[PDB]
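Structure 1 and structure 2 below are two forms of the same protein chain, each written out on its own as structure tokens.
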Structure 1
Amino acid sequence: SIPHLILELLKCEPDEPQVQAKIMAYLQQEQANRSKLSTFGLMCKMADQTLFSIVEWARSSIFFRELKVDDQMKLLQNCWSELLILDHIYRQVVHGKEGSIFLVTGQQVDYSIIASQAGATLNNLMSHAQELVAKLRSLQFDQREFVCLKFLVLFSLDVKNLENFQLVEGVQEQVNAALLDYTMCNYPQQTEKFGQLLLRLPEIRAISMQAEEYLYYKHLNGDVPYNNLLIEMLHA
């Protein structure tokens, strides 16, 4: 028994298979002008394509669609990195495995290919994410719970200078309440399900803070490709 709201939000989910083919397609199409970028430089490229994808998801999504562009910007500027992290995390739970990271383009990559050439900062970050991904496998995190977390993340009540604030709270309390019902109806013998889900939010917020600092560092160290979206987001 999936509540009313969750079904609505559940329909705003992009075509997962389609997005992989497209981002993969762009990475290739892009490749055509250097007789070149490193592994990192490529991951960056893949990440900000994931960003374009996310913005479209929010832009034509129930509720978000009704905010003035100024509000829309304030909310996304506040949770972009956490949306990307949640996205990557949900992908590892649904598709990931053991000692292998599932990229957005659709391919698995043994952890060692990543681990081999990783520094101190990136190591702490990849480890924190690992802990979180595992905590969620442990809770049997599903898609219904996933989209709820996304909206609770998007429609944050910590963003200031918001005009239509009254609508943010509406969905916040509304999605909150939907999730509260969903978990008690689909998982009665596990009354802690709700709480554990809500407590991942602070973790997703932290990992995303770290990921931005680490990415700013890489950009200051001249490791990031000329003006990608992510860096243009960090500038704010």
Structure 2
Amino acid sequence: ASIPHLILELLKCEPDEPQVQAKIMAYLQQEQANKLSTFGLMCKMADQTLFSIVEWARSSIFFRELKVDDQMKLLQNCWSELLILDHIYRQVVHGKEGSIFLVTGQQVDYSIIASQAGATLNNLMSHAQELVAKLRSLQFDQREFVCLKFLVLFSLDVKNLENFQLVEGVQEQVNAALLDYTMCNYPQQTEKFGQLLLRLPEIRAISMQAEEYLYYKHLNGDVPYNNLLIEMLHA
């Protein structure tokens, strides 16, 4: 209890991620049976995650209300950050440092995955798990997770929108609701709200570096053909 109503409406938009887990792993079980590098596997997992993210956005209150051009602009401004945030929150939920949990729910030792990555993605994963640690020490919960997801989707820095005022209002509403919820449910940890907000630019920097890395790796022919991932990358 002690949850503002707007945050319950936002929680109503969360997918039955058990079923999403199952469907993604079924898709991959089927695809691999018809030589796939670990990097390509991660690319295809991120592709399915992107499909699910699009289904979550077009399920959102406020978001459906937007012209499809505005939806496109917001989604292509924030898809990478949403991916990184979902990864970080997954790690926070499972909270077994020294392991990485995939959108499949599959746990794999951080060692064996990092061994296969270059310096760029290794640095980005290290930073992501530092963020995981800090958010765990703050007791990042699901309510704050969805509030952050909506703050990232409805970004103030997306220009050339027709209904920028809708995005401004959504930002104001979600910011106020998260303030109220965090400080009322965690008097334990005053300034937890400002800290949560301070973590967003860092997630964003990680997201942008990763986005450009995968873009350049695609231009070099090392990103296996992932339809929506590559489509988001090119634009």
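What we label the rigid core is the largest C-alpha set whose atoms superpose within 1.5 Å from one form to the other. By convention here, residues take numbers in order along the sequence of structure 1, the first being 1.
**Q** For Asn227, decide whether the Cα shift between structure 1 and structure 2 is 2 Å or greater, given a superposition on the rigid core.
**A** The answer is yes, as the C-alpha of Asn227 shifts between structure 1 and structure 2 by 2 Å or more after core alignment.
**Q** Keeping the rigid core superposed, can you check how far the CA atom of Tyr216 moves between structure 1 and structure 2, in angstrom?
**A** Core-aligned C-alpha shift comes out at 2.2 Å.
**Q** After superposition on the rigid core, what is the displacement of the C-alpha atom of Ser138 between structure 1 and structure 2, in Å?
**A** On core superposition, this C-alpha lies 0.9 Å from its counterpart.
**Q** With both forms put on the same core, how far apart in Å are the CA positions of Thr191 between structure 1 and structure 2?
**A** That residue's C-alpha sits 1.7 Å away in the other form.
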